Every structure is written in structure tokens, then in C-alpha cells.
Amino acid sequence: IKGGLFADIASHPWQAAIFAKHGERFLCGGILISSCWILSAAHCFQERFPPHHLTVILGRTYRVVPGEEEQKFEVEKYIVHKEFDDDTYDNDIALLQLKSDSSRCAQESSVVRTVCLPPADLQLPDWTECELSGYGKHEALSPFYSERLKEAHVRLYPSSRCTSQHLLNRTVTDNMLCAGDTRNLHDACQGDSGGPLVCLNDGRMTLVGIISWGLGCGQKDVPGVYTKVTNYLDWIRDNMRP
């Protein structure tokens, strides 16, 4: 997270940390949507690691220092969107299934809890303030991820300002949403991918976007791009299979 503040996992209990066997390596963030399912970004799985190489940790404030109430899980399998475009990042969404001995995997605690999925017809006013989280880099030129979870607060940009012309001619589809700091500017950064962009909707933090991509981290007037989740509700459902 570029800008922002250091946070406690209890303020974002749906944040998952995904590791890949190297010896472990921090891969991306994730979002707990159900007891055994977590959402993430399709671009995180380009290297095509077998499920048994992935570990999902829940309830951890520090990236590599074990929390007292954390829950580690093996990955049963994962589903990357069939139409994910490796060049434009369109359809950047994946589903990961947790391994367990029953139909229940993660258990609720003060440090582990699900975000609410958005209503299919969710529409927020321009500039709504939302927040995000992740263990990613603090700056684009940084060679290290964060030692501790961080949070940032951004505002949803108008669709009119979420275009190729605005993103230096980088391709922007209807499956994407822009959000940024309207003013150390806050922004997502490398390593935060797959994490959540959530907004308060009727007293509950609701998932609005999956941290996808951006140009650098925190450049004035250049918003971050996120996978537009409302467009994937039917896909989430059809794909949540045992």
C-alpha cells in the first residue's frame, strides 16, 4: 500500500495472504467471501502453481510473523476466469477453495470474518470514500513487500475519468473500476493485487473491487484500477463448487 497507514488484521478480517512454495514466497492478497472460498486476481496465477503449492493464511497482521489467532489452509483447487486476458488484464478474477475435513473451513473470530458481496444492482455516487488493504510494497521502486498490513482510503472515480485516455492509453474495459486519492497519495501497489476494495454499505463493509493494476503507485490524477465485482456475481456462484 502506498501512503495509508499500518493496520491491524481485526480492522480487515477478510484479508487473506496467499503464499507459494519456492521456502515460501508471498504471492498476492485474497478476500474471504465464505468459509471455504476466497477471491483473488487471475493474474496472480500466471505461473500456474499446483494447488498443493499454495497456502492461504487468515488472521495475520504481519506478513511473516504468525498471529496468535491465525488460520492456515491448503488450497483444494483454484479457478481462474476463462476469459482472463494476460495482456489487458480484463476478467482479472479467481476463486480459491480451502482444504478441510468437512464443508466448513475458516472459522469466525475477531480476526477472521467475511466481507459481504455487493447487490447486483449496487451503484454508489461518484467520489464515495472506500478503503483497501494489503501487505504489498510501499512504493513501486521498493524491492520488498510490507512487513505489516496497511490500509489506504480512496474515492471511486467517475466512469468518465476511468478511460484509456486517462490511463495513458492502457486498455480499460467495462469490467474495470477506478478509484484513487483526490488530493503522500494513497494507492494500492505491487503485492496488493487480489486484495479488497470495500465500501461501507448499510453498516457493513461490502466488496466493491479486487485490486488489479495501475501505473506506478500513487501518481497524481492517475487512479488505480480494480476488477468490477458486481459484474462477476453470477460467475462467483456458478463456480463455487465442491
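Sequential numbering from 1, following the sequence displayed.
| said: I'd like the number of residues from the deposited sequence that lie between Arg183 and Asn184 yet are not in the model, binned as none, 1 to 3, 4 to 9, or 10 or more. | reply: The entry has 4 to 9 unmodelled residues between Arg183 and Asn184.
What number of deposited residues lacks coordinates in the span between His22 and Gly23: none, 1 to 3, 4 to 9, or 10 or more?
Per the deposited record, the segment joining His22 and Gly23 lacks coordinates for 4 to 9 residues.
Between 143-151 and 71-79, which has the higher average C-alpha B-factor in the PDB entry?
So the stretch with the higher mean C-alpha B-factor is 71-79.
On average, are the C-alpha B-factors higher in 7-15 or in 230-238? The deposited B-factors put 230-238 ahead on the C-alpha mean.
Worksheet entry | Candidate set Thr61, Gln46, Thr173, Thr206 [ranked by C-alpha B-factor, highest] | Among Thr61, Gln46, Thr173, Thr206, the highest C-alpha B-factor in the entry belongs to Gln46.
For the listed residues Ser103, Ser109, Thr114, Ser133, which one has the largest C-alpha B-factor as given in the deposited model? Across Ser103, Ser109, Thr114, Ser133, the entry lists the biggest C-alpha B-factor for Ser103.
Practice problem: Quick one: classify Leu122 as lowest, middle or highest third of the chain based on its Cα B-factor. | Solution: Ranked within chain, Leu122 CA B lands in the highest tercile.
Among modelled residues of the same chain, the CA temperature factor third for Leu167:
It falls in the top third of the chain.
* Asked: How does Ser193 rank on Cα B-factor within its chain, lowest, middle or highest third?
  -> According to the entry, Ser193 has a C-alpha B-factor in the chain's lowest third.
**Item:** Chain-wide C-alpha B factor ranking for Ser35, given as lowest, middle or highest third
**Value:** Answer is lowest: the recorded C-alpha B-factor places it there.
Give the position of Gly224 by CA B-factor within its chain, expressed as the lowest, middle or highest third.
For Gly224, the deposited C-alpha B-factor lands in the lowest third.
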